[PDB]
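Peer 1: Below you'll find my_file-v9.csv; it's CSV, C-alpha atoms.
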chain,number,residue,atom,x,y,z
Z,577,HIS,CA,19.4,8.2,56.4
Z,578,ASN,CA,21.2,10.1,59.1
Z,579,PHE,CA,18.3,9.6,61.6
Z,580,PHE,CA,18.4,5.9,60.6
Z,581,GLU,CA,22.2,5.8,61.1
Z,582,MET,CA,22.0,7.4,64.6
Z,583,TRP,CA,19.1,5.1,65.5
Z,584,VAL,CA,21.3,2.0,64.6
Z,585,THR,CA,24.2,3.6,66.6
Z,586,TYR,CA,22.0,4.2,69.7
Z,587,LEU,CA,20.5,0.7,69.2
Z,588,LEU,CA,23.9,-1.0,69.3
Z,589,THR,CA,25.2,1.3,72.1
Z,590,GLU,CA,22.2,0.6,74.3
Z,591,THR,CA,22.3,-3.1,73.4
Z,592,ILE,CA,26.0,-3.3,74.6
Z,593,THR,CA,25.3,-1.3,77.8
Z,594,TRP,CA,22.3,-3.4,78.6
Z,595,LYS,CA,24.4,-6.5,78.1
Z,596,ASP,CA,26.7,-5.0,80.7
Z,597,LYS,CA,23.9,-4.1,83.1
Z,598,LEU,CA,22.2,-7.5,82.9
Z,599,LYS,CA,25.5,-9.3,83.6
Z,600,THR,CA,24.7,-9.2,87.3
Z,601,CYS,CA,21.2,-10.7,86.7
Z,602,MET,CA,22.5,-13.4,84.2
Z,603,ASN,CA,25.3,-14.7,86.5
Z,604,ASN,CA,22.8,-15.5,89.4
Z,613,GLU,CA,17.0,-8.0,93.7
Z,614,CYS,CA,17.6,-6.8,90.2
Z,615,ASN,CA,13.9,-7.4,89.1
Z,616,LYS,CA,13.6,-3.6,88.7
Z,617,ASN,CA,16.2,-3.8,85.9
Z,618,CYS,CA,14.5,-6.8,84.4
Z,619,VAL,CA,11.1,-5.1,83.9
Z,620,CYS,CA,13.0,-2.0,82.7
Z,621,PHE,CA,14.8,-4.1,80.2
Z,622,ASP,CA,11.5,-5.7,79.1
Z,623,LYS,CA,10.0,-2.2,78.7
Z,624,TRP,CA,13.1,-1.2,76.7
Z,625,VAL,CA,12.9,-4.1,74.3
Z,626,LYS,CA,9.2,-3.6,73.8
Z,627,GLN,CA,10.0,0.1,73.1
Z,628,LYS,CA,12.7,-0.9,70.6
Z,629,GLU,CA,10.2,-3.3,68.9
Z,630,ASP,CA,7.7,-0.5,68.7
Z,631,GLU,CA,10.2,2.0,67.4
Z,632,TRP,CA,11.5,-0.6,64.8
Z,633,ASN,CA,7.9,-1.1,63.7
Z,634,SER,CA,7.6,2.7,63.5
Z,635,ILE,CA,10.5,2.8,61.1
Z,636,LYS,CA,9.5,-0.2,59.1
Z,651,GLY,CA,21.4,-7.8,54.6
Z,652,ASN,CA,24.2,-9.4,56.7
Z,653,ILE,CA,26.5,-8.5,59.6
Z,654,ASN,CA,29.6,-7.9,57.4
Z,655,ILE,CA,27.8,-5.3,55.2
Z,656,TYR,CA,25.4,-3.6,57.6
Z,657,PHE,CA,26.4,-4.0,61.3
Z,658,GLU,CA,30.1,-3.6,60.6
Z,659,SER,CA,29.7,0.0,59.1
Z,660,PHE,CA,28.5,1.6,62.3
Z,661,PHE,CA,31.7,0.7,64.2
Z,662,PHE,CA,33.2,4.2,64.5
Z,663,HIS,CA,30.2,6.0,66.0
Z,664,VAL,CA,29.3,3.2,68.5
Z,665,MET,CA,32.9,2.9,69.4
Z,666,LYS,CA,33.2,6.6,70.0
Z,667,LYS,CA,30.3,6.2,72.5
Z,668,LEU,CA,31.8,3.1,74.1
Z,669,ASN,CA,35.6,2.7,73.4
Z,670,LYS,CA,35.9,-1.1,74.0
Z,671,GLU,CA,36.5,-3.2,70.9
Z,672,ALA,CA,36.4,-6.5,72.9
Z,673,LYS,CA,32.7,-5.8,73.8
Z,674,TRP,CA,31.9,-5.2,70.2
Z,675,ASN,CA,33.6,-8.5,69.2
Z,676,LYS,CA,31.8,-10.4,72.0
Z,677,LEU,CA,28.5,-9.0,70.6
Z,678,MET,CA,29.5,-10.1,67.1
Z,679,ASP,CA,30.6,-13.5,68.2
Z,680,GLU,CA,27.3,-14.1,70.1
Z,681,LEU,CA,25.3,-13.1,67.0
Z,682,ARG,CA,27.5,-15.3,64.8
Z,683,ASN,CA,27.0,-18.3,67.2
Z,684,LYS,CA,23.3,-17.5,67.3
Z,685,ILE,CA,22.8,-17.9,63.5
Z,699,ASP,CA,18.2,-8.2,57.5
Z,700,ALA,CA,20.3,-8.7,60.7
Z,701,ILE,CA,18.1,-6.2,62.6
Z,702,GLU,CA,15.6,-9.1,63.0
Z,703,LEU,CA,18.5,-11.3,64.2
Z,704,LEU,CA,19.6,-8.7,66.8
Z,705,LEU,CA,16.0,-8.2,68.0
Z,706,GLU,CA,15.5,-12.0,68.2
Z,707,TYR,CA,18.6,-12.1,70.3
Z,708,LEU,CA,17.0,-9.4,72.5
Z,709,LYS,CA,13.8,-11.4,72.9
Z,710,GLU,CA,15.7,-14.5,73.8
Z,711,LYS,CA,17.7,-12.7,76.4
Z,712,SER,CA,14.6,-10.9,77.7
Z,713,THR,CA,12.8,-14.1,78.6
Z,714,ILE,CA,15.8,-15.5,80.5
W,3,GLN,CA,46.5,6.7,43.8
W,4,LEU,CA,48.7,8.7,46.2
W,5,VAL,CA,51.5,10.9,44.9
W,6,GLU,CA,54.2,12.4,47.1
W,7,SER,CA,56.6,15.3,47.3
W,8,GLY,CA,58.7,17.2,49.8
W,9,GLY,CA,61.3,14.6,51.0
W,10,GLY,CA,65.0,15.1,50.8
W,11,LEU,CA,67.8,16.1,53.1
W,12,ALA,CA,67.5,18.0,56.5
W,13,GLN,CA,70.1,19.1,59.0
W,14,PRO,CA,69.0,19.0,62.7
W,15,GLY,CA,66.5,21.7,63.4
W,16,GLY,CA,63.1,22.1,61.7
W,17,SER,CA,61.3,23.6,58.7
W,18,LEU,CA,60.8,20.6,56.4
W,19,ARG,CA,57.4,19.8,55.0
W,20,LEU,CA,56.2,16.8,53.0
W,21,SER,CA,53.1,16.7,50.7
W,22,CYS,CA,50.8,13.9,49.6
W,23,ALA,CA,48.0,14.4,47.1
W,24,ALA,CA,45.2,11.8,46.6
W,25,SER,CA,44.3,11.1,43.0
W,26,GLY,CA,41.2,9.3,42.0
W,27,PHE,CA,40.1,8.6,45.6
W,28,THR,CA,37.3,10.0,47.8
W,29,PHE,CA,39.5,12.1,50.0
W,30,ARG,CA,36.5,13.8,51.6
W,31,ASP,CA,35.1,10.9,53.6
W,32,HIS,CA,38.2,8.8,54.3
W,33,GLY,CA,40.8,9.1,57.0
W,34,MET,CA,44.4,9.9,56.4
W,35,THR,CA,47.6,8.6,58.1
W,36,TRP,CA,51.3,9.0,58.0
W,37,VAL,CA,53.6,6.2,59.2
W,38,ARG,CA,57.4,6.4,59.1
W,39,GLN,CA,59.7,3.4,58.7
W,40,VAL,CA,63.4,3.4,59.5
W,41,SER,CA,65.2,1.3,56.8
W,42,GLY,CA,66.0,-2.1,58.3
W,43,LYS,CA,63.4,-1.5,61.1
W,44,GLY,CA,59.6,-1.7,61.4
W,45,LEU,CA,56.7,0.7,61.0
W,46,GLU,CA,56.0,3.5,63.5
W,47,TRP,CA,52.7,5.5,63.4
W,48,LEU,CA,53.1,9.2,63.9
W,49,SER,CA,49.9,11.2,63.1
W,50,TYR,CA,46.3,10.7,62.1
W,51,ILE,CA,43.6,13.0,60.9
W,52,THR,CA,39.8,12.4,60.6
W,53,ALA,CA,37.5,13.0,57.7
W,54,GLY,CA,36.3,16.4,59.0
W,55,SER,CA,39.8,17.3,60.4
W,56,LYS,CA,38.3,18.1,63.8
W,57,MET,CA,40.2,15.3,65.7
W,58,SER,CA,43.8,14.3,65.4
W,59,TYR,CA,45.9,11.7,67.2
W,60,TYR,CA,49.7,11.5,67.7
W,61,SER,CA,52.3,9.2,69.2
W,62,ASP,CA,54.0,9.8,72.5
W,63,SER,CA,57.2,11.1,70.8
W,64,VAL,CA,55.7,13.3,68.1
W,65,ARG,CA,52.7,14.9,70.0
W,66,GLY,CA,53.0,18.7,69.7
W,67,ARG,CA,56.3,18.5,68.0
W,68,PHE,CA,54.7,17.6,64.6
W,69,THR,CA,51.5,19.0,63.1
W,70,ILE,CA,49.2,18.0,60.3
W,71,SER,CA,46.2,19.5,58.4
W,72,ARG,CA,44.3,18.6,55.3
W,73,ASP,CA,42.8,20.4,52.3
W,74,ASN,CA,39.6,18.7,51.1
W,75,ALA,CA,39.5,20.8,47.9
W,76,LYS,CA,42.8,19.9,46.2
W,77,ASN,CA,42.8,16.5,48.1
W,78,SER,CA,46.4,17.1,49.4
W,79,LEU,CA,47.6,16.3,52.9
W,80,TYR,CA,50.8,17.9,54.3
W,81,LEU,CA,53.0,16.8,57.2
W,82,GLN,CA,55.0,19.6,58.9
W,83,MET,CA,57.9,18.9,61.3
W,84,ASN,CA,60.0,20.8,63.8
W,85,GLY,CA,63.0,19.7,65.9
W,86,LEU,CA,64.3,16.9,63.6
W,87,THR,CA,67.1,14.7,65.0
W,88,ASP,CA,69.0,11.7,63.7
W,89,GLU,CA,66.3,9.2,64.7
W,90,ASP,CA,63.8,10.8,62.3
W,91,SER,CA,65.7,9.6,59.2
W,92,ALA,CA,63.0,7.3,58.0
W,93,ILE,CA,60.8,6.6,55.0
W,94,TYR,CA,57.5,8.6,55.5
W,95,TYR,CA,54.5,6.8,53.8
W,96,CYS,CA,51.4,8.8,53.4
W,97,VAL,CA,48.5,6.4,54.1
W,98,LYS,CA,44.8,6.5,53.3
W,99,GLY,CA,43.0,5.7,56.6
W,100,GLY,CA,40.8,2.7,56.0
W,101,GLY,CA,37.0,2.6,56.6
W,102,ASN,CA,34.1,4.9,55.8
W,103,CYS,CA,34.3,7.5,58.6
W,104,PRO,CA,30.7,8.3,59.8
W,105,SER,CA,31.0,12.1,60.4
W,106,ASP,CA,34.5,12.8,61.9
W,107,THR,CA,34.7,9.8,64.2
W,108,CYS,CA,37.9,8.4,62.5
W,109,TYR,CA,40.6,6.5,64.3
W,110,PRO,CA,43.3,4.2,62.8
W,111,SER,CA,42.3,0.9,64.2
W,112,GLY,CA,43.2,-2.5,63.0
W,113,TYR,CA,39.5,-3.1,62.5
W,114,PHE,CA,39.3,-1.2,59.2
W,115,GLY,CA,43.1,-1.2,58.8
W,116,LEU,CA,45.1,1.2,56.7
W,117,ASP,CA,44.3,0.0,53.2
W,118,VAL,CA,46.3,2.2,50.8
W,119,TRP,CA,50.0,3.1,51.4
W,120,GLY,CA,51.7,5.5,49.1
W,121,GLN,CA,55.2,5.1,47.8
W,122,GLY,CA,56.6,7.8,50.1
W,123,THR,CA,59.7,10.1,49.9
W,124,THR,CA,63.0,9.6,51.7
W,125,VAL,CA,63.7,11.9,54.6
W,126,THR,CA,67.4,12.0,55.6
B,8,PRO,CA,61.9,-12.3,66.2
B,9,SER,CA,61.7,-14.5,63.1
B,10,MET,CA,60.6,-18.0,62.0
B,11,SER,CA,62.5,-20.0,59.4
B,12,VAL,CA,59.5,-21.7,57.6
B,13,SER,CA,59.9,-23.9,54.6
B,14,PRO,CA,57.7,-23.2,51.6
B,15,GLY,CA,54.3,-24.9,51.5
B,16,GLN,CA,53.8,-25.2,55.2
B,17,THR,CA,51.9,-23.1,57.8
B,18,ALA,CA,53.5,-20.1,59.6
B,19,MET,CA,52.2,-19.2,63.0
B,20,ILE,CA,53.0,-15.6,63.6
B,21,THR,CA,51.9,-14.4,67.1
B,22,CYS,CA,52.0,-11.0,68.8
B,23,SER,CA,50.1,-12.2,72.0
B,24,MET,CA,49.1,-8.7,73.3
B,25,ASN,CA,47.2,-8.9,76.5
B,26,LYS,CA,44.5,-6.4,75.7
B,27,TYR,CA,42.2,-7.4,72.9
B,28,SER,CA,42.0,-5.2,69.7
B,29,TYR,CA,41.3,-6.1,66.1
B,30,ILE,CA,44.6,-7.1,64.6
B,31,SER,CA,45.5,-6.2,61.0
B,32,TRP,CA,48.5,-7.5,59.0
B,33,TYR,CA,50.7,-6.1,56.3
B,34,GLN,CA,52.9,-7.9,53.7
B,35,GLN,CA,55.8,-5.5,53.2
B,36,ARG,CA,57.8,-6.5,50.1
B,37,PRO,CA,61.4,-5.3,50.4
B,38,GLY,CA,61.9,-1.9,48.9
B,39,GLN,CA,58.1,-1.6,48.6
B,40,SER,CA,55.3,-0.1,50.6
B,41,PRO,CA,53.2,-2.4,52.8
B,42,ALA,CA,49.7,-3.4,51.7
B,43,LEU,CA,46.6,-4.4,53.7
B,44,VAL,CA,46.1,-8.1,53.9
B,45,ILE,CA,43.6,-9.0,56.7
B,46,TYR,CA,41.3,-6.6,58.5
B,47,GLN,CA,38.6,-7.1,61.2
B,48,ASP,CA,40.6,-10.3,62.2
B,49,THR,CA,38.7,-12.4,59.6
B,50,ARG,CA,38.0,-10.3,56.5
B,51,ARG,CA,40.1,-9.7,53.4
B,52,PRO,CA,40.0,-7.2,50.5
B,53,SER,CA,39.6,-8.2,46.9
B,54,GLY,CA,42.8,-8.7,44.8
B,55,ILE,CA,44.6,-10.9,47.3
B,56,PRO,CA,44.0,-14.7,47.4
B,57,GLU,CA,42.2,-16.8,50.0
B,58,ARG,CA,45.4,-18.3,51.4
B,59,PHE,CA,45.9,-15.5,54.0
B,60,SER,CA,43.8,-16.4,57.1
B,61,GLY,CA,43.8,-14.8,60.5
B,62,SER,CA,42.2,-15.0,63.9
B,63,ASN,CA,42.6,-13.6,67.4
B,64,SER,CA,41.4,-15.8,70.2
B,65,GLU,CA,42.5,-16.2,73.8
B,66,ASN,CA,44.5,-13.0,73.6
B,67,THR,CA,46.7,-14.2,70.8
B,68,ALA,CA,46.6,-13.0,67.2
B,69,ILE,CA,47.6,-15.7,64.7
B,70,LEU,CA,48.0,-15.0,61.0
B,71,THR,CA,47.6,-18.5,59.5
B,72,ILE,CA,49.4,-18.4,56.1
B,73,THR,CA,48.4,-21.6,54.3
B,74,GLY,CA,50.8,-22.5,51.6
B,75,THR,CA,53.7,-20.0,52.2
B,76,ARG,CA,55.2,-18.9,48.9
B,77,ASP,CA,58.6,-17.2,48.0
B,78,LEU,CA,56.5,-14.0,47.4
B,79,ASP,CA,55.6,-14.1,51.1
B,80,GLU,CA,59.0,-12.8,52.2
B,81,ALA,CA,57.8,-9.9,54.3
B,82,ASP,CA,57.7,-8.4,57.8
B,83,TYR,CA,54.2,-8.9,59.1
B,84,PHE,CA,53.1,-6.3,61.6
B,85,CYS,CA,50.2,-6.5,64.0
B,86,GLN,CA,48.0,-3.4,64.0
B,87,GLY,CA,46.5,-3.0,67.5
B,88,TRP,CA,44.7,-0.2,69.2
B,89,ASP,CA,44.8,1.2,72.7
B,90,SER,CA,41.6,3.2,73.5
B,91,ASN,CA,43.0,4.4,76.8
B,92,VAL,CA,45.7,6.5,75.1
B,93,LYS,CA,44.2,6.7,71.6
B,94,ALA,CA,47.4,5.5,70.0
B,95,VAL,CA,47.7,2.6,67.6
B,96,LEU,CA,50.3,-0.1,68.6
B,97,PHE,CA,52.1,-1.5,65.6
B,98,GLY,CA,53.8,-4.8,66.2
B,99,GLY,CA,57.6,-5.3,65.9
B,100,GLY,CA,57.2,-7.5,62.9
B,101,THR,CA,58.7,-10.9,62.1
B,102,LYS,CA,61.1,-11.5,59.2
B,103,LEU,CA,59.2,-14.5,57.9
B,104,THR,CA,62.1,-16.2,56.1
B,105,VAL,CA,61.0,-18.4,53.2
B,106,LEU,CA,63.5,-21.1,52.3
Hey, can you dump this file as structure tokens for me?
Peer 2:
Amino acid sequence: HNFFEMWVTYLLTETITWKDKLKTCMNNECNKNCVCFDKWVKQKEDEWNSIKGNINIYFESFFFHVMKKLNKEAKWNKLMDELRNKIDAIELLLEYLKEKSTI
Amino acid sequence: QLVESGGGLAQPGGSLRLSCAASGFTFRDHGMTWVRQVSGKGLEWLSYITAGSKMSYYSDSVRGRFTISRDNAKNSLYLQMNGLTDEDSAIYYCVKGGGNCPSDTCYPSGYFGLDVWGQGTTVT
Amino acid sequence: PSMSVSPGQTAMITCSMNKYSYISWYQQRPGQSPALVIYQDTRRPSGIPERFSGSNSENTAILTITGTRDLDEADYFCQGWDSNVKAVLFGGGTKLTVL
């Protein structure tokens, strides 16, 4: 499941760096980034369907690889706190992406 | 369970090596840590090594002065020192680095913590 | 520093580091190696009871010990992390005196 593990790593890394990029749009000309994020979340839905639990067993085991790509533990804990306040957890993260995509 | 050897007495100078062998643990895919502790004082992290032994971190006082390398076959980790002074008289605990280590991306965070601490040997 | 806390009450041990990292805690029995108590700021391994609780909010790491016992005489160290210098920052530790 090494391809599966690096896919989850890239999913969390791109989720965090799209959270950072949409911070300008969320806090009130970035419509190019909005349609790009919509195409990105549709691509991730299609890729998850091409492939096809809880946070503390499944999302918390890809901490090291994602944190080598990113190196900011506070952003990881903000992501985890937002998913904890929202509620396998892949469906939870994708539902979070759909709810952020429409707004 | 961690077993230790190599501690004792040292004059100022170098050439003193400790050993720590991991018994009953999965030494191949876990990180490994050594932390010293002066008696009556607190902990002080010195060196860390990843699962694949391709990355290693050190403190600001022991970087380059100390060295560390692991043998994944016999499951024994050594710590080698040079230039010992009077401030290095501490209790050196060999520590299993907590977590699971996907590939060699290991670093001793407080996230996974440092789960298993050995008994350690006294360095004078 | 230290806090003289009577047995059975709540101890509030703070490091209050400005940069956020996941803070672990260790119960160092005297003459004994430390052991992992709380990791990922909420979680806890098997073999230790539920009474050790922790959190880190508003840049302050609080290890809430509910029901402090005589066996809790230990120096409790924060385990930080600094990704800028790649060196872990152990806390100074507090001699949590149990009366």
Peer 1: What separation in Å, quoted to one decimal, exists between CA of residue 100 in chain B and CA of residue 8 in chain B?
Peer 2: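 Separating CA of residue 100 in chain B from CA of residue 8 in chain B is a distance of 7.5 Å.
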Peer 1: Compile the residues of chain B that lie within 9 Å of chain W, evaluated using only C-alpha atoms, and express the compilation as a VMD selection string.
Peer 2: chain B and resid 28 to 32 39 to 48 52 82 84 to 89 93 to 100
Peer 1: Select all residues from chain Z having any atom no more than 9 Å from an atom of chain W (counting only C-alpha atoms, ignoring ligands), output as a count of residues only.
Peer 2: 9
Peer 1: If I wrap all listed atoms of range 617-636 of chain Z in a box with edges along x, y and z and add 4 Å on each side, what are its centre and edge lengths in Å to one decimal, as AutoDock Vina command-line options?
Peer 2:
--center_x 11.9 --center_y -2.0 --center_z 72.5 --size_x 16.6 --size_y 17.6 --size_z 34.8
Peer 1: My list of candidates is Z:625, Z:668, Z:681, Z:700. Which is closest to chain B when distances are computed with all atoms listed in the file?
Peer 2: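 Of Z:625, Z:668, Z:681, Z:700, the one nearest chain B is Z:668, counting all atoms listed in the file.
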Peer 1: Calculated over only C-alpha atoms, which of the candidates Z:586, Z:674, Z:594, Z:632 has the smallest distance to chain B?
Peer 2: Z:674
Peer 1: With distances taken over all atoms listed in the file, which of B:10, B:75, B:65, B:38 is nearest to chain Z?
Peer 2: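 Selected residue with least distance to chain Z: B:65.
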Peer 1: Tell me which of Z:655, Z:582, Z:618, Z:588 sits closest to chain B, counting all atoms listed in the file.
Peer 2: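 Of the candidates, the smallest distance to chain B is held by Z:655.
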Peer 1: Within 8 Å of chain B, which residues of chain Z are there when counting all atoms listed in the file? Please give them as a list in words.
Peer 2: residues 669, 670, 671 and 672 of chain Z
Peer 1: Calculated over all atoms listed in the file, which of the candidates W:15, W:33, W:26, W:99 has the smallest distance to residue 86 in chain W?
Peer 2: W:15
Peer 1: Which residue out of W:70, W:51, W:23, W:18 has the minimum interatomic distance to residue 35 in chain W when all atoms listed in the file are used?
Peer 2: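 Smallest separation from residue 35 in chain W among the options: W:51.
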Peer 1: At what distance in Å, to one decimal, does CA of residue 105 in chain B lie from CA of residue 14 in chain B?
Peer 2: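 That distance, rounded to one decimal, is 6.0 Å.
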Peer 1: How far is it from CA of residue 675 in chain Z to CA of residue 63 in chain B, in Å with one decimal?
Peer 2: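 Computed distance, CA of residue 675 in chain Z to CA of residue 63 in chain B, equals 10.5 Å.
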Peer 1: Set the distance at 10 Å and use only C-alpha atoms: which residues neighbour residue 598 in chain Z once local chain neighbours fewer than 6 positions away are removed? I'd like the list as a VMD selection string.
Peer 2: chain Z and resid 614 617 to 618 621 711 to 712
Peer 1: So which residues touch residue 83 in chain B within 8 Å, counting all atoms listed in the file, skipping near sequence neighbours fewer than 2 positions away, as an MDAnalysis selection string?
Peer 2: chainID B and resid 32:35 81 85 100:103
Peer 1: Neighbouring residues of residue 83 in chain W were defined as those with any atom within 10 Å, considering only C-alpha atoms; residues of the same chain fewer than 4 positions away were excluded. Please report them as a compact mmCIF listing (two decimals) with C-alpha atoms, keeping the file's coordinate frame.
Peer 2:
# COMPACT_ATOMS: atom_id res chain seq x y z
CA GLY W 15 66.50 21.70 63.40
CA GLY W 16 63.10 22.10 61.70
CA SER W 17 61.30 23.60 58.70
CA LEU W 18 60.80 20.60 56.40
CA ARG W 19 57.40 19.80 55.00
CA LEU W 20 56.20 16.80 53.00
CA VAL W 64 55.70 13.30 68.10
CA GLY W 66 53.00 18.70 69.70
CA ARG W 67 56.30 18.50 68.00
CA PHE W 68 54.70 17.60 64.60
CA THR W 69 51.50 19.00 63.10
CA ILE W 70 49.20 18.00 60.30
